[PDB]
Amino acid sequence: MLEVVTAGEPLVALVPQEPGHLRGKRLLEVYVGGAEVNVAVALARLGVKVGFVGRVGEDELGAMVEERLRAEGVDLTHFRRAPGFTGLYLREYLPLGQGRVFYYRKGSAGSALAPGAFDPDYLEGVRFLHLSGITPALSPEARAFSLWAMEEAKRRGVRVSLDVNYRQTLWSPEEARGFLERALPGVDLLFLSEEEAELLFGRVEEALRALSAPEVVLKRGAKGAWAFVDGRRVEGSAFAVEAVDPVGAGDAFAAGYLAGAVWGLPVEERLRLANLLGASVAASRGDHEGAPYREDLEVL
């Protein structure tokens, strides 16, 4: 019996070995990415029973994705390689921090996801259902799917977890607010970053009042992150580390909190766990390569 179920579009990340403009690189590292994918693996590595819903192309990259998910022990009952191609993107980290990403995923097999992409009875007995704001922003079908998904979850007593994850590349602030404004009602746990709230509601303050969900978690980068549960405002501090490749850390952060929730842990321990995973991934290259295993926590 699964505890958590996530869904979205898997992606392959192409990253240079060191900082510097892409144009000057001659070799690239291949990684398996995708917001929800990162969360899926992070959870699995911690022993949480998780399944991943999505599609990939019938190509080598799609296969690559499938192996990783399978190798990591993720439930792929409703995951499969379908006609089409698997999306990819190229990251670029500059000497002084400023990065830039180039996508090649439009019209991918994974961006198809529409209402009914999987059997609802899958969400039976499931603790949480996790989705990212990236999914609905991909297409009209994806947006519909997302809404549909969290509706069948609520109907089955499945808490809905959402990570805003606003992408300026996918949709405009209004389109994003338009969605949130519509989806918010079915959300139980909301993950939001400072910049996002700022970029969508002017200031972190308003955002919190507008997006008032049962449990909101405001990621403050290294400044830790706040947990707004029962009117209470718990604070959590990030782990002092040297940010290597900050990509995928927010997803890892989410996974740490969910695991904590799944295990019915105090808000203090849920935040602690979340910041731990976010730091590990942040201090490692790849999309989710730094994600720790249960055995690591046990030892720490």
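Quick note: we count residues from 1 along the sequence shown, nothing fancier.
Which of the two stretches, 168-176 or 103-111, shows the higher mean Cα temperature factor in the record?
Between 103-111 and 168-176, it is 168-176 that shows the higher mean C-alpha B-factor.
Return whichever of 250-258 and 232-240 has the greater mean Cα B factor according to the PDB record.
Going by the record's values, the stretch with the higher mean is 232-240.
Of the options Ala142, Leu190, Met150, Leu88, which has the highest CA B factor as deposited?
Highest C-alpha B-factor among the listed options: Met150.
Out of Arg127, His78, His130, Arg155, which one has a C-alpha B factor higher than all the others in the entry?
Highest C-alpha B-factor among the listed residues goes to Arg155.
Ordered by C-alpha B-factor within the chain, which third holds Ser212? Give me lowest, middle or highest, please.
Highest third - that is where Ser212 ends up once the chain's C-alpha B-factors are sorted.
Ordered by C-alpha B-factor within the chain, which third holds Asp119? Give me lowest, middle or highest, please.
For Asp119, the deposited C-alpha B-factor lands in the middle third.
If you rank every modelled residue in this chain by C-alpha B factor, which third holds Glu195: lowest, middle or highest?
Highest third - that is where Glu195 ends up once the chain's C-alpha B-factors are sorted.
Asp163 - Cα temperature factor, lowest/middle/highest third of chain:
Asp163: CA B-factor falls in the middle third of its chain.
Quick check on the deposited entry: does the C-alpha B-factor of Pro266 sit in the lowest, middle or highest third of its chain?
CA B-factor rank for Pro266: lowest third.
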